[PDB]
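A short write-up of the structure that comes next.
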Amino acid sequence: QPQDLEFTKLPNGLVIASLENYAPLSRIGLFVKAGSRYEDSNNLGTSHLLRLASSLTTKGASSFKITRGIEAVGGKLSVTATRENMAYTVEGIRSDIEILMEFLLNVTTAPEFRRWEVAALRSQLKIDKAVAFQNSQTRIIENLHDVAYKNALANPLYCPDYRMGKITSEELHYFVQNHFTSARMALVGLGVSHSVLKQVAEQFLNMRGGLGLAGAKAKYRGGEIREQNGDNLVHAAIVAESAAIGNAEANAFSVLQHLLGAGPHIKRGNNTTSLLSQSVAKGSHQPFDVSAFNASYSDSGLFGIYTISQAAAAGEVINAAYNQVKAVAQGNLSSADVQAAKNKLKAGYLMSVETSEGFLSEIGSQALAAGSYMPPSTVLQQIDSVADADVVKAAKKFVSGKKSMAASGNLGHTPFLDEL
Amino acid sequence: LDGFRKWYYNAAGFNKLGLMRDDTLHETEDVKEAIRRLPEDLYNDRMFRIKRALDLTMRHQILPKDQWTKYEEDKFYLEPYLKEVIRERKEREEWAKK
Amino acid sequence: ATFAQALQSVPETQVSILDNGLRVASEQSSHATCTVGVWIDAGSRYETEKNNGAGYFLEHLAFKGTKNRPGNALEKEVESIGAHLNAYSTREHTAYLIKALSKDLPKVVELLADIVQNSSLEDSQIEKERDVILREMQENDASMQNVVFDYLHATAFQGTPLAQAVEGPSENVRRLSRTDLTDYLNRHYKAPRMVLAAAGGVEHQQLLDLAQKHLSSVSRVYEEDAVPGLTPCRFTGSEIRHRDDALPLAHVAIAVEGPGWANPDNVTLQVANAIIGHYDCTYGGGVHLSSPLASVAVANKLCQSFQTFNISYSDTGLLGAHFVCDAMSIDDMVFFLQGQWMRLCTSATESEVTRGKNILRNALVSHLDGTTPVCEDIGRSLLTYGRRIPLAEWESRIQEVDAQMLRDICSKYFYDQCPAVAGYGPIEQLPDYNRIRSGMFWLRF
Amino acid sequence: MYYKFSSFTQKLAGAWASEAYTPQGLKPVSXXXXXXXXXXXXXXXXXXXXXXXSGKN
Amino acid sequence: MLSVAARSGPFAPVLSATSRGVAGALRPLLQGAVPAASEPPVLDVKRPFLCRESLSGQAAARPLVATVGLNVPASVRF
């Protein structure tokens with residue numbers, strides 16, 4: 001049935017979505033509300049170690065069996081984790097999707113979690129943290145979340161160095177049994193039958209309890225930290241609290257982010273439409289990159305500016321970007337630029353849905369958040385329904401709100417929060 | 001054969017030096033893999049019992065009769081790890097068959 | 001409803017020819033977006049060492065203003081319609097592609113025609129982009145994989161126009177002028193060497209009408225009958241070492257001569273590359289990976305990463321492996337890689353051949369998932385094969401490949417062959433060329 | 001805060017406050033000591049069951 | 001009392017860093033020893049950004065996303 005996306009909710013709380021597009025490749029994704037959000041100070045890095053422990057020995061299939069069968073089929077198994085949630089996605093031929101779902105449910109529902117396996121895996125945890133921290137934007141975003149929130153979002157997406165060598169299989173079992181429950185899971189599938197999805201759902205996922213742990217509401221704190229590490233460039237992110245997922249204020253914040261510049265549309269371009277880029281380039285002759293950083297979650301948001309600049313010009317770059325956002329908040333904007341930002345947002349959303357990875361991730365995220373599928377036509381309709389006064393209100397909220405600054409580099413000329 | 005197995009256990013002689021059966025079985029690659037899979041306290045107890053065995057054999061002595069390990073309290077600690085390692089090896093062998 | 005009927009149910013391409021010979025190809029999908037691009041059969045292989053950076057300069061200058069949209073008007077218009085724009089150039093191809101919405105088809109095709117036809121190259125912009133290109137070459141010099149691949153190309157095709165890099169040399173970049181760029185435009189951007197490829201929510205009738213509207217006047221004729229001509233390049237078995245011991249890791253690429261684009265052994269060689277596989281430190285497979293090279297790499301903790309490549313040009317190719325490791329494992333990984341190559345050459349296995357065939361099937365379909373890779377494949381296929389090879393034909397060739405012809409093709413292309421070796425970094429433990437040859441033939445076979 | 005005794009030199013040497021006037025730590029609970037080595041009386045505890053183990057099936 | 005040693009009682013050796021160029025006649029107490037601290041893993045060097053066109057697109061604009069795979073390299077999306 002390629003005409004519509006089949007959608008249903010099991011009585012236990014599970015959500016089953018399936019589209020029969022008759023594609024040559026079929027994908028199965030289980031979306032679990034078990035990210036780094038749901039850890040307190042006693043079991044930090046548990047989500048990271050679980051994410052790398054997604055190919056271990058399980059009650060029903062060994063680790064050797066899992067990896068040999070997956071690579072003999074030729075399909076791929078991957079884990080995509082955000083702070084809110086993880087997603088276990090397996091992709092392969094339509095013929096072997098039954099064996100792929102057997103492996104996927106065996107590794108996501110009943111893991112054995114042997115202590116020697118995680119003892120061997122903590123070195124890979126350290127190596128993966130180093131590889132992810134090879135670029136400085138990861139460290140800047142981690143520090144920005146750490147200084148923006150007090151709990152449940154200051155938790156790093158990567159394991160702390162002290163927690164390496166300390167996470168145990170009992171902690172992994174506790175995390176899995178507390179957060180991998182049926183009301184927090186959504187099983188979506190592209191190129192698979194709804195009957196097969198429901199059959200494997202009632203075969204495997206019926207044994208879970210319910211809502212599990214609640215959370216911590218992610219109270220905001222604000223503040224600033226500045227890490228001097230002597231890079232050639234200086235990174236600085238200045239954010240403030242914004243709306244959560246599912247709000248017209250959040251849609252206005254996304255429109256404002258694409259107005260101020262969410263990235264380049266031309267290889268080696270000048271970013272003529274990007275107001276932040278134009279304002280910074282007006283008073284500089286050095287390499288730089290300024291953009292609008294937007295990140296919404298279940299109950300909180302973070303909107304702000306991200307500046308990569310030189311050590312000497314960091315102050316003027318940050319001041320020019322902040323003054324541009326302040327001018328937008330005061331109301332120096334035209335309806336044509338708002339329409340261009342709306343067109344950019346609609347195009348970016350459509351190109352996200354365009355591929356199968358983005359389509360599966362979008363339907364899984366919608367299944368977790370809203371519990372029902374929202375059509376791209378309706379998404380573009382509400383994006384068009386965003387008004388410019390809402391953009392002005394969101395910019396005023398960012399300007400007047402308390403700030404969170406994460407800086408890194410050679411910080412001799414980078415201004416502080418009170419200097420802005 | 002409870003009495004006969006007890007008699008053969010006493011006549012084997014490794015109960016005289018305070019060993020265990022799983023202590024005294026020879027180290028093949030699977031056995032070393034399962035020893036690596038042993039937990040901390042069991043590994044330390046195993047290594048101390050082996051060290052006492054070396055010391056007693058060097059001195060040409062045995063433990064006292066009350067300190068001899070008994071057939072009723074001979075724990076088989078390394079056995080489930082050994083069976084799991086054997087199962088993994090057999091599974092790798094049949095995948096090499098296929 | 002299985003794989004065969006799914007591949008047949010994948011919609012076919014549609015190819016048309018204009019009056020000037022420009023190829024216009026499109027694939028219609030159900031998406032609301034489209035990828036419209038222009039592929040030009042030009043590159044460093046066509047460059048003649050006088051204008052060795054002309055294509056790189058032209059792709060830098062293509063979006064910096066035209067005759068009808070001077071300065072930043074083109075960038076402003078494409079960002080106002082919200083379309084993402086990209087360009088690249090490999091040693092045989094030059095692509096200018098735009099991801100856009102389906103409703104903006106006349107605008108995107110007018111922008112593409114104006115980019116590839118009426119580009120204006122002001123001298124101030126040429127000087128600014130010359131400085132930009134020099135700084136970007138310094139950045140690429142700081143990158144390490146690109147240096148090794150350029151070294152491999154140079155030492156493999158020395159004395160031929162395929163050894164020269166895409167960017168060209170720094171002196172040539174400093175000394176090119178507007179006259180050389182205009183000569184390159186008037187010599188290599190001919191009508192029948194360009195494919196206008198559209199993928200996604202595009203109607204082929206509308207695309208053909210728009211191409212007839214805009215790309216009708218390209219003037220394919222040459223100015224003084226100065227018709228260029230492709231010539232085969234001579235593969236030279238050789239080695240280049242760039243020892244710089246201050247680098248933390250060492251990159252080594254070992255390759256042999258490939259079959260070319262039109263040769264039907266590409267499918268078999270790609271299957272063999274799937275047998276060898278690839279590995280990175282962030283891989284979750286660990287020791288129990290199916291690839292034995294990856295398994296022994298994890299078991300002995302030798303390499304940081306390795307990958308296998310099969311780069312193909314017109315009756316020419318570089319086929320081999322690139323691996324980065326530390327200074328204490330280069331000999332071990334060369335020995336293991338050569339052992340796996342000759343294990344494929346001597347003793348193939350039906351089970352691993354089936355595994356590699358499944359790997360290549362999934363890789364092909366997963367890559368062709370997406371309108372931008374579909375448009376890329378359409379442009380590259382019409383430039384190279386002269387036609388778009390369908391997924392059913394690819395699956396038929398995969399089913400045709402088995403272990404016996406895999407063994408034959410591997411023994412034909414790997415066994416007893418002089419390689420091209422490019423090493424960069426702490427490569428003192430990299431084995432001698434005679435040792436590499438001695439590993440490239442077995443004494444038990 | 002100034003002086004604390006030294007075991008090897010057998011003299012009152014210099015130290016900080018935290019090891020002079022609070023040589024006892026800030027641990028919450030005094031942990032138990034080690035096992036009694038070379039004991040005359042030994043009481044072995046039964047682990048699981050002997051009839052549950054010793055099964056080669 | 002115009003010195004931090006006489007101003008901060010217990011915090012004087014914390015606020016003051018003392019190191020001797022040559023060994024004294026009297027040994028100190030709490031000599032200290034580095035317990036063979038571990039080494040960070042070696043990694044391939046990342047390219048720098050010497051121009052605005054290469055620096056463009058490096059600024060983060062989305063929530064941080066980690067991705068691991070069985071046979072796919074890990075990716076961090078900004």
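Letters A, B, ... go to the chains of the structure tokens in the order shown; residues in each chain start at 1; ligands are counted from 1 in the same order.
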message: Contacts from chain A to chain C, 8 Å maximum, only C-alpha atoms: show me the residue list as number ranges by chain.
response: A: 22-25, 52, 55, 63-64, 67-68, 71-75, 92-95, 124, 127-128, 131, 265-269, 271-273, 340-341, 343-344, 347, 350-351, 354-356
field: Interface, chain B side, toward chain C (12 Å; only C-alpha atoms) as a PyMOL selection string
entry: chain B and resi 88+91-92+95-98
Per residue of chain E within 12 Å of chain A, note the shortest atom pair and the distance in Å to one decimal, counting only C-alpha atoms, and order the rows by chain and increasing residue number, as a Markdown table.
```
| residue | atom | partner | partner_atom | distance |
| --- | --- | --- | --- | --- |
| E:38 | CA | A:161 | CA | 11.5 |
| E:39 | CA | A:126 | CA | 11.2 |
| E:40 | CA | A:130 | CA | 8.1 |
| E:41 | CA | A:127 | CA | 6.7 |
| E:42 | CA | A:130 | CA | 9.0 |
| E:43 | CA | A:131 | CA | 7.4 |
| E:44 | CA | A:134 | CA | 8.7 |
| E:45 | CA | A:134 | CA | 8.2 |
| E:46 | CA | A:134 | CA | 7.3 |
| E:47 | CA | A:135 | CA | 9.9 |
| E:48 | CA | A:232 | CA | 7.9 |
| E:49 | CA | A:287 | CA | 7.9 |
| E:50 | CA | A:287 | CA | 6.8 |
| E:51 | CA | A:287 | CA | 5.1 |
| E:52 | CA | A:287 | CA | 4.2 |
| E:53 | CA | A:268 | CA | 4.5 |
| E:54 | CA | A:268 | CA | 7.0 |
| E:55 | CA | A:289 | CA | 6.0 |
| E:56 | CA | A:289 | CA | 5.4 |
| E:57 | CA | A:263 | CA | 5.5 |
| E:58 | CA | A:289 | CA | 7.0 |
| E:59 | CA | A:291 | CA | 5.9 |
| E:60 | CA | A:293 | CA | 6.1 |
| E:61 | CA | A:293 | CA | 3.8 |
| E:62 | CA | A:294 | CA | 5.6 |
| E:63 | CA | A:295 | CA | 5.0 |
| E:64 | CA | A:82 | CA | 6.7 |
| E:65 | CA | A:82 | CA | 5.1 |
| E:66 | CA | A:81 | CA | 5.3 |
| E:67 | CA | A:80 | CA | 4.4 |
| E:68 | CA | A:79 | CA | 5.3 |
| E:69 | CA | A:78 | CA | 4.0 |
| E:70 | CA | A:77 | CA | 5.7 |
| E:71 | CA | A:76 | CA | 7.0 |
| E:72 | CA | A:78 | CA | 7.6 |
| E:73 | CA | A:78 | CA | 9.8 |
| E:74 | CA | A:128 | CA | 7.8 |
| E:75 | CA | A:132 | CA | 7.7 |
| E:76 | CA | A:132 | CA | 6.5 |
| E:77 | CA | A:138 | CA | 8.7 |
| E:78 | CA | A:137 | CA | 7.5 |
```
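For the set B:1, B:82, B:62, B:35, the residue with the smallest atom-to-atom gap to residue 47 of chain B is B:35, counting only C-alpha atoms.
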task: Determine which residues of chain E DSSP labels as strand (DSSP E) from the backbone of this structure, then write them out as a PyMOL selection string.
output: chain E and resi 65-69+75-77
Shell of 12 Å around residue 75 of chain B, only C-alpha atoms, local chain residues under 4 positions omitted, as a list in words: residues 19, 20, 21, 22, 23, 42, 45, 46, 69, 70, 71, 79 and 80 of chain B; 44, 45, 46, 47, 48, 49, 50, 51, 52, 53 and 54 of chain D
With N, CA, C and O atoms retained, export the selected residues as a short mmCIF file (atom, residue, chain, number, x, y, z; two decimals), in the first residue's frame.
```
data_model
loop_
_atom_site.label_atom_id
_atom_site.label_comp_id
_atom_site.auth_asym_id
_atom_site.auth_seq_id
_atom_site.Cartn_x
_atom_site.Cartn_y
_atom_site.Cartn_z
N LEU B 19 43.70 -28.74 45.85
CA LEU B 19 43.31 -28.25 44.54
C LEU B 19 41.80 -28.36 44.37
O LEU B 19 41.04 -28.60 45.31
N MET B 20 41.36 -28.17 43.13
CA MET B 20 40.04 -28.55 42.66
C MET B 20 40.22 -29.21 41.30
O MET B 20 41.29 -29.12 40.69
N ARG B 21 39.18 -29.89 40.83
CA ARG B 21 39.22 -30.47 39.49
C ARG B 21 39.38 -29.39 38.43
O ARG B 21 40.21 -29.51 37.51
N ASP B 22 38.61 -28.31 38.56
CA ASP B 22 38.70 -27.21 37.61
C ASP B 22 39.98 -26.42 37.82
O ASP B 22 40.45 -25.74 36.90
N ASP B 23 40.55 -26.50 39.02
CA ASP B 23 41.89 -25.96 39.25
C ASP B 23 42.93 -26.73 38.46
O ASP B 23 43.84 -26.14 37.86
N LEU B 42 37.18 -15.43 42.12
CA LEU B 42 37.46 -16.80 41.72
C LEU B 42 38.85 -16.93 41.10
O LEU B 42 39.54 -17.92 41.34
N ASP B 45 41.35 -16.77 44.01
CA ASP B 45 41.33 -18.02 44.75
C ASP B 45 42.02 -19.14 43.97
O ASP B 45 42.77 -19.93 44.55
N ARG B 46 41.78 -19.19 42.66
CA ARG B 46 42.43 -20.17 41.80
C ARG B 46 43.94 -20.00 41.82
O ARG B 46 44.69 -20.98 41.98
N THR B 69 40.55 -30.76 50.62
CA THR B 69 39.24 -30.48 50.05
C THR B 69 38.45 -31.78 49.92
O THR B 69 39.01 -32.86 49.74
N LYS B 70 37.14 -31.67 50.06
CA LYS B 70 36.26 -32.83 50.09
C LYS B 70 35.45 -32.91 48.81
O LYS B 70 35.22 -31.91 48.12
N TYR B 71 35.01 -34.14 48.50
CA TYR B 71 34.22 -34.37 47.29
C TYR B 71 32.87 -33.68 47.36
O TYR B 71 32.31 -33.31 46.33
N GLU B 79 33.58 -24.51 35.05
CA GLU B 79 32.84 -25.34 34.11
C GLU B 79 31.86 -24.59 33.21
O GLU B 79 31.89 -24.84 32.00
N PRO B 80 30.96 -23.71 33.71
CA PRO B 80 30.04 -23.05 32.76
C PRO B 80 30.73 -22.14 31.76
O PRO B 80 30.33 -22.08 30.59
N UNK D 44 33.93 -23.60 55.73
CA UNK D 44 33.62 -23.41 54.32
C UNK D 44 32.11 -23.30 54.10
O UNK D 44 31.33 -24.02 54.72
N UNK D 45 31.72 -22.39 53.22
CA UNK D 45 30.31 -22.19 52.90
C UNK D 45 29.93 -22.95 51.64
O UNK D 45 30.70 -23.00 50.68
N UNK D 46 28.73 -23.54 51.64
CA UNK D 46 28.26 -24.32 50.50
C UNK D 46 27.78 -23.41 49.37
O UNK D 46 26.86 -22.61 49.55
N UNK D 47 28.42 -23.53 48.22
CA UNK D 47 28.05 -22.74 47.05
C UNK D 47 27.11 -23.52 46.15
O UNK D 47 27.48 -24.59 45.65
N UNK D 48 25.90 -22.98 45.96
CA UNK D 48 24.83 -23.58 45.16
C UNK D 48 24.50 -25.00 45.60
O UNK D 48 24.00 -25.21 46.71
N UNK D 49 24.77 -25.98 44.74
CA UNK D 49 24.50 -27.38 45.05
C UNK D 49 25.42 -28.29 44.25
O UNK D 49 25.71 -28.03 43.08
N UNK D 50 25.88 -29.36 44.88
CA UNK D 50 26.77 -30.32 44.23
C UNK D 50 26.00 -31.19 43.24
O UNK D 50 26.56 -31.65 42.24
N UNK D 51 24.73 -31.42 43.53
CA UNK D 51 23.88 -32.23 42.67
C UNK D 51 23.39 -31.42 41.47
O UNK D 51 22.99 -31.98 40.45
N UNK D 52 23.44 -30.10 41.60
CA UNK D 52 23.06 -29.20 40.51
C UNK D 52 24.22 -29.06 39.54
O UNK D 52 24.03 -28.88 38.33
N UNK D 53 25.44 -29.13 40.07
CA UNK D 53 26.64 -29.08 39.25
C UNK D 53 27.05 -30.49 38.84
O UNK D 53 26.24 -31.41 38.94
N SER D 54 28.30 -30.63 38.38
CA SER D 54 28.88 -31.91 37.96
C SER D 54 28.07 -32.61 36.87
O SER D 54 27.96 -33.83 36.86
#
```
task: Excluding residue 39 of chain B and residues on its chain fewer than 3 positions from it, collect all residues at most 10 Å away from it, counting only C-alpha atoms, and give them as a PyMOL selection string.
output: (chain A and resi 115-116) or (chain B and resi 34-36+42-44+77-78)
